[PDB]
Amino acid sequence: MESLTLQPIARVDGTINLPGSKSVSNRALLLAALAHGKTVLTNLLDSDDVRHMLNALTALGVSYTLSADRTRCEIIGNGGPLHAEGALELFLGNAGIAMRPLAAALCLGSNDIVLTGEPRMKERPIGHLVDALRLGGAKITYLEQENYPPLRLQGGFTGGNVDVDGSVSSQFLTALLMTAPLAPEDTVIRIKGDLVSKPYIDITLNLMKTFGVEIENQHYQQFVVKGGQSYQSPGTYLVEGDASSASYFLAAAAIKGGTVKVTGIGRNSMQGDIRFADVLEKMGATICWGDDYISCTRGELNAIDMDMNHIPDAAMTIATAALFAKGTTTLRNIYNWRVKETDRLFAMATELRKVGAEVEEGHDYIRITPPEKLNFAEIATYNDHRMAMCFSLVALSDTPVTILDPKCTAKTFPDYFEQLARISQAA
């Protein structure tokens, strides 16, 4: 078991040029592969999740080239739905934003493809999406547990009236939105009830428009899509820096700054996680916005009680930052933390208690009362990049912390520890 021990960080200050957004990167790659023309993506993220999508495209016959640092990708569009037969197996690690979009996209036309991934991916739900794809005509088979990957996709999605449950993951709707335009018939996607992680739907619509397609959004309750469309290369496209990855650095400043500036995202970003900065501001930190940066300067840190459904990923960062806040912090309406890289509510509560906090693990919320002083702990990371990055913040105290399997951060941020070290100061 590899591990990394972080010595206490007296102060953080500096600037971080953010790695590319994972959400934008994987959407851009799939749309570029489906589009007509050559797309040049810059500031693309090089991480496991993106590497799995790239490997999937390679397996499906898509041609592309990568720069030496793998952040520039020149993709030759396929000019239409991707195809493969013979139950070709695509291994997608634990990349939700590869698995969900591909599950839908590969239902166009005929195909015989199997999507699978790491053990945990076979435990992350996909039934809501499969249900919707089938209503549209797709033939999909669960090869193991009903409602979960692996899936054997044999095509047939033609369009029509499709209902989709949006209460567990917005990724299902995202997958349908990206796929429907290329279907032969018009599609009306009706959301059954609530829609969680709504801001990610906006990311999806933004990317689709960049690639030439627009749809009719009726207050997020129903989406009217015209079929028979084609995605078109936007030429050169700049992938925004990752706002979720930025949360760690901004929070570090709110806790132990100094001023930390992250570049690659700014006030105009399409990512919902830039709203994480608003939370730090509510806690007492000072935030500065620029066109291509967001900075946070230490002020004070007070506990908050907020619905975090709009920033589920970056919200985890507030859970460990809560260790340094005055009072008890409560993060609500975050049930789907349970069906992600790991069950994050169980994982976060378990590890927070190890460093001394009193924690109520609610069914869909978490309440954290910090200790007078933190204690040393060896943190388990549950093959979850964010557990490693969230707990790295424990070192912004008088105690070191040991993080197990630090390389799990490579899911979205391979250089995480070197970047945190860059802003870590002794004086």
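We number the residues from 1 along the sequence you see.
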309-317 set against 292-300, stretch whose average Cα temperature factor tops the other in the entry
292-300
Between 326-334 and 191-199, which has the higher average C-alpha B-factor in the PDB entry?
191-199
Of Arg120, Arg152, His83, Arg353, which one's C-alpha B factor is largest in the deposited record?
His83
Max C-alpha B-factor within the set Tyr220, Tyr148, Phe346, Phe249 falls on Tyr220
Once the chain's modelled residues are ordered by C-alpha B factor and cut into thirds, is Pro101 in the lowest, middle or highest one?
lowest
Sorting the chain's modelled residues by C-alpha B-factor, tell me whether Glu361 ends up in the lowest, middle or highest third.
middle
In terms of its chain's C-alpha B-factors, the third that includes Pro406 is the middle
Quick check on the deposited entry: does the C-alpha B-factor of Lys340 sit in the lowest, middle or highest third of its chain?
middle
Would you check the entry's CA temperature factor for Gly284 and let me know if it's in the chain's lowest, middle or highest third?
middle
